[PDB]
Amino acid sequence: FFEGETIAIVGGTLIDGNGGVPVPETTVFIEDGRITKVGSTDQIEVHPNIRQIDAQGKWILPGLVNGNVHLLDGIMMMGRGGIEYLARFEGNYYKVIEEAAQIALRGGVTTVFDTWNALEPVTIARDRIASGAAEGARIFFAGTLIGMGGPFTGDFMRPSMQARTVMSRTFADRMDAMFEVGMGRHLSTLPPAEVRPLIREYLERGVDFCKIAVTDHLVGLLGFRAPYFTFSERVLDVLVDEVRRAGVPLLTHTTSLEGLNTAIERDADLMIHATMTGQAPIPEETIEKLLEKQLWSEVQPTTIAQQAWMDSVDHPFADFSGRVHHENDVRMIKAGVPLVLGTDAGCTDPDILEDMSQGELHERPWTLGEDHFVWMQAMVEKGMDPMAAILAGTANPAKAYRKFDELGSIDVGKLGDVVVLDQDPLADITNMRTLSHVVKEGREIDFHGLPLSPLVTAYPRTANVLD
């Protein structure tokens, strides 16, 4: 239904993802989904019966890569909207996920790493996209967050927002079960010997990586300054050992300095929102460990304007990326630690978007399809080099997730994922938005026609459809 194809991208300035000086007048040649040639425009011969893109005056980048998204919108579920969204789309969750993957693809993102979702529909969706039955960014997933509750649990409550008080217990339980898949808060009650088979079995269900709740996920209920550990070190060791045994990358969720340190000491492949540290500044010693061990940190910043908006309305999530966490971000960049782009972004329900002010929407970090552009902009505002920002969004996630042999740069033998921009992203990082062409496994995408069948994005919503 969809497949690896053949195409040539001709005569543009190449920014290949390996970090070097950009090379003008370059041609990239893709054959049956795989890059076969990269070189000077005139040394690469291209017969006229071959599909081509004219890149003259343009910039050629690898397919963009997002290290942390949620294709069922989890950030939304930490506030209002969880009930209405999950009820509205029950029966079609896999299509919601495909739609969200298409929206990522529309922003030039050819690979997404989904860090929290419901196992069943995310599996269905990735398999269909991978096999060509459906359109979208390719997906790799964790499934659930080991040791976290589902969306109708304390982990997604706020003091004045308690979904269970106004919804059926039956529906709330059914939803929690499809997210948790037995790997919820109850794990914290168990001895190591009982945890071992559960995590092993979970891993044998078919995840691409595993994310562990090293610390708690109660920021909504308790704020950002009272973190806990989910597990004893002993039980954490069991989890880590089983992930290593399964041979998939290990991710961590950490909410405190001690959490961060603990993650580092387990040589985590990728540390999600590493700079979110209980509003306490990251010590020098910890930064030095990151440098010495060369571990990947993902960070989730906020632009100057977005944060200023948040601060102006005393928003409950102002602490997420502001104040001390902002300063952490700055110091991390400055020390040159290895950084990965990720956003927690999702395809937010239009009824929920519709509630938001201009200020809330403007450079919102959690709006899938543009969240990566905003991340790059925010990082550069804090002193990140534009080239390093691009790598954070291309090569760096791929490496962290051990997929760099296949994607994240333009290199012979790798997958044929490419985007073409009209303006220079190194001169101005906001030029990342100037997408002209999107290609996935050598197949050009009609990216402006995405998503193919609006589902959550279908709007407005008519009360009585006569058929």
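Numbers follow the displayed sequence, beginning with 1.
Undergrad: Test of understanding: from the entry's C-alpha B-factors, which stretch has the higher mean, 156-164 or 310-318?
TA: Comparing 156-164 with 310-318, the higher average CA B-factor belongs to 310-318.
Undergrad: Decide which of the stretches 438-446 and 42-50 has the higher mean C-alpha B-factor, going by the entry.
TA: It is 42-50 that shows the higher mean C-alpha B-factor.
Undergrad: At the C-alpha atoms, which of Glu242, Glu292, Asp216, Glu258 reaches the highest B-factor in this entry?
TA: If I rank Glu242, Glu292, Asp216, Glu258 by C-alpha B-factor, first place goes to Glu292.
Undergrad: By the recorded C-alpha temperature factor, relative to the other modelled residues in its chain, which third is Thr170 in?
TA: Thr170: CA B-factor falls in the lowest third of its chain.
Undergrad: Quick check on the deposited entry: does the C-alpha B-factor of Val69 sit in the lowest, middle or highest third of its chain?
TA: Lowest third, going by the recorded CA B-factors of the chain.
Undergrad: Please rank the C-alpha B-factors of the chain's modelled residues and tell me whether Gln423 sits in the lowest, middle or highest third.
TA: For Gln423, the deposited C-alpha B-factor lands in the highest third.
Undergrad: Would you please rank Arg205 by its C-alpha temperature factor against the other modelled residues of its chain and give the third it falls in: lowest, middle or highest?
TA: Its C-alpha B-factor belongs to the highest third of this chain's values.
Undergrad: Based on the entry's values, in what third of the chain does the Cα temperature factor of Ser409 lie: lowest, middle or highest?
TA: Lowest third of the chain for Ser409's C-alpha B-factor.
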